[PDB]
Amino acid sequence: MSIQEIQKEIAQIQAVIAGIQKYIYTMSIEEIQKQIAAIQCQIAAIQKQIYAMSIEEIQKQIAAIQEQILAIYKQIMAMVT
Amino acid sequence: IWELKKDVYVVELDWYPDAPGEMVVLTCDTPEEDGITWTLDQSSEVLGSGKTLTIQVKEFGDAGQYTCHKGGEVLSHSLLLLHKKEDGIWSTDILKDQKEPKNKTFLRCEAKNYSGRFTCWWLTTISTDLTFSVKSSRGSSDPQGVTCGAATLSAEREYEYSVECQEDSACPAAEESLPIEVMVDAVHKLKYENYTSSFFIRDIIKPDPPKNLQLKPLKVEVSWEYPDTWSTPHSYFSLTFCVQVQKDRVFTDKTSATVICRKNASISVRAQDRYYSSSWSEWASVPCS
Amino acid sequence: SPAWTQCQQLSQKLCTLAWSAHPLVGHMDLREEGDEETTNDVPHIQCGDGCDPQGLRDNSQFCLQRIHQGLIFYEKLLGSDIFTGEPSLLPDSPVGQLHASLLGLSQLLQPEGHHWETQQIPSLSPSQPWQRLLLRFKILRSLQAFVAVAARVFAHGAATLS
Ligand SMILES: *[C@@H]1O[C@H](CO)[C@@H](O[C@@H]2O[C@H](CO)[C@@H](O[C@@H]3O[C@H](CO[C@H]4O[C@H](CO)[C@@H](O)[C@H](O)[C@@H]4O)[C@@H](O)[C@H](O[C@H]4O[C@H](CO)[C@@H](O)[C@H](O)[C@@H]4O)[C@@H]3O)[C@H](O)[C@H]2NC(C)=O)[C@H](O)[C@H]1NC(C)=O
């Protein structure tokens, strides 16, 4: 859809993953930390497609990355409960 | 084209090599209707005749001060500035991206207290024909008044500029619900750019360092005071403190602590808002012994 | 009287839990264009509500009515589908302890005889899990701002009004 919305969504993901990562510091951890880095490594690769200026495939990937993040969040919250 | 201030206009341009730019129509600001000629900047070459002048704006050679005259007398002036749009993005050539706390951070602001006063600074490498203009409000749809001073050089190391602002009707104790907006116009020659920052005062708080740090020996009692600039009453605007020997650290809400001077001497104390996680002050330090 | 020293301890504890109960973002993150309009429906300790030091000396009932209102509002929110829906948080979670601290403090302010409980304007929370998650961050940082003011009020009242 819009190019502006996609970059905003990436920024939100970047902020969110930064917050979960920092929160984990205050408290399988090694497995989750490896999974986080792989998404970021993927976020960077996706970001390069953007600075070239597919769209449909990126929107599908944002939703898929969002699904991975939600799963991580649920595990972490369960670990502190 | 829109009016930036009296007799000053901004022309937005999609900026790329050989771009056709934008057509503009200037109107001489006069009641008169006959015997008018137009010039640009210092040249006396008449660019056109009549009440209005049509020009194609596509590069900086087409910008500048257009003047209409009649009977040898100047009637009015119109300064045209260019705002470059590069790939759908407005240019940010003039200010340096500080990249903290995130990308595209050009302005940094700090407050020493909840008074409603704060300071903002930005950086540029450009030394030439450079003008900044600062306006501020609280809220965008229903803006509340904020008065700022002039932006001026505060350091050279890369040139740093600073400006002072103060909310007209501040409520130090209230819970802010609308952020402060800071807006900076930047003009380099005929290149116009602008910049914005949005924040709550509470998020840019950074207290001054602890005051009057003193030591009392005991058969090493540390004491200090709140900084003069911090919000009053201290019983309301409470601070918390970090005491470090240098890591050997303790945290306290008191203005005193007892420590052991092990190493060669270093003791240091810094301060933070007790109830809201904003920035730590710079350290105050006193040598042991 | 409102038992200031007990309110200081519970409101101080709220500040600790408000920052520790849940992951955080930067103060400039998750900002969006509609935030300016959305803020009006949430209650705030505003200018003139009596929670400044001078207002508390004259009549603390105004401020304490407002603080109570805000605690009830955030409680209703933390118990809503925003926090209990997918991705679900358990009642024993840190946020559940934070919810309990809001409830614990609000019970203390409501005197004898006066009734300050109202009705919520619940509206309807989001339906997509990702949008629920984003709203949790925004709500909790709004709560952080509110409880900071409350903690100052109670710290000041215990020190000067007891
Ligand atoms: C930072 O940089 C950005 C990017 O350049 C600037 O954005 C521009 O800001 C100016 C001023 O805020 C905007 O100018 C406005 O243009 C409007 C025209 O809108 C349409 O409608 C009219 C008919 O109503 C058409 O004729 C026109 O062609 C447009 O299609 C004006 O309506 C605005 O108000 C003017 O007129 C009213 C009376 O009608 C007066 O009361 C006002 O004082 C004013 O004279 C205004 O002129 C411009 O549109 C913005 N850019 C874009 C792309 O939209 C920022 O302004 C700049 N800095 C700041 C601080 O904003």
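Since chain B takes its numbers from Swiss-Prot, the residues it shows come out as 23-179, 186-247, 252-278, 286-328.
Including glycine, each Cβ sits where the backbone N, Cα and C put it.
Swiss-Prot has this to say about the protein:
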{"type": "DOMAIN", "residues": "B:23-106", "note": "domain 'Ig-like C2-type'"}
{"type": "DISULFID", "residues": "B:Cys50-B:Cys90", "note": "disulfide bond"}
{"type": "DISULFID", "residues": "B:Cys131-B:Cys142", "note": "disulfide bond"}
{"type": "CARBOHYD", "residues": "B:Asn135", "note": "N-linked glycosylation site"}
{"type": "DISULFID", "residues": "B:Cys170-B:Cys193", "note": "disulfide bond"}
{"type": "CARBOHYD", "residues": "B:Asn222", "note": "N-linked glycosylation site"}
{"type": "DISULFID", "residues": "B:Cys300-B:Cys327", "note": "disulfide bond"}
{"type": "CARBOHYD", "residues": "B:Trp319", "note": "C-linked glycosylation site"}
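Nearest neighbour of B:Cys170 (disulfide bond) by Cα distance, taken over the recorded positions B:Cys90, B:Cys131, B:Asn222, B:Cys300, B:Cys327: B:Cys131. Fewest other C-beta atoms within 10 angstroms, among the glycosylation sites B:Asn135, B:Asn222, are seen around B:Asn222. The distance from the Cα of B:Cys300 (disulfide bond) to the Cα of the residue listed as 'C-linked glycosylation site' comes to 24 Å. Over all protein chains present, the Cβ of B:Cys142 (disulfide bond) has 24 other Cβ atoms lying within 10 Å. B:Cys300 (disulfide bond) is surrounded by 16 other CB atoms, counting those within 10 A of its CB over all protein chains shown. For the pair B:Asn222 (N-linked glycosylation site) and B:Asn135 (N-linked glycosylation site), the C-alpha distance works out to 28 angstrom. If you look at the deposited chain, B:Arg179 and B:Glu186 flank 6 residues with no coordinates, and their C-alpha atoms are 5 Å apart. If you take the Cα of B:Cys142 (disulfide bond) and the Cα of the residue listed as 'C-linked glycosylation site', they are about 18 angstrom apart, rounded to a whole number.
Only B:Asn222 of the recorded positions listed as B:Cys90, B:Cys131, B:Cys193, B:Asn222, B:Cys300, B:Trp319 bring a Cβ under 6 Å of any atom of ligand 1; the order follows the sequence.
Across the domain 'Ig-like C2-type' (B:23-106), DSSP helix (H, G, I), strand (E, B) and coil residues number 3 helix, 49 strand, 32 coil. Where 7 residues go unmodelled, between B:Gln278 and B:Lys286, the Cα positions on each side are 7 angstrom apart. Rounded to the nearest whole angstrom, the C-alpha distance between B:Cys90 (disulfide bond) and B:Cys327 (disulfide bond) is 74. Spanning 4 unmodelled residues, the straight-line distance from the Cα of B:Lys247 to the Cα of B:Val252 measures 8 Å. Around B:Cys193 (disulfide bond), the same-chain residues at least 6 positions away in sequence with a Cβ under 8 Å from its Cβ are B:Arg139, B:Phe140, B:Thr141, B:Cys142, B:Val156, B:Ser158, B:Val168, B:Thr169, B:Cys170, B:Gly171, B:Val210.
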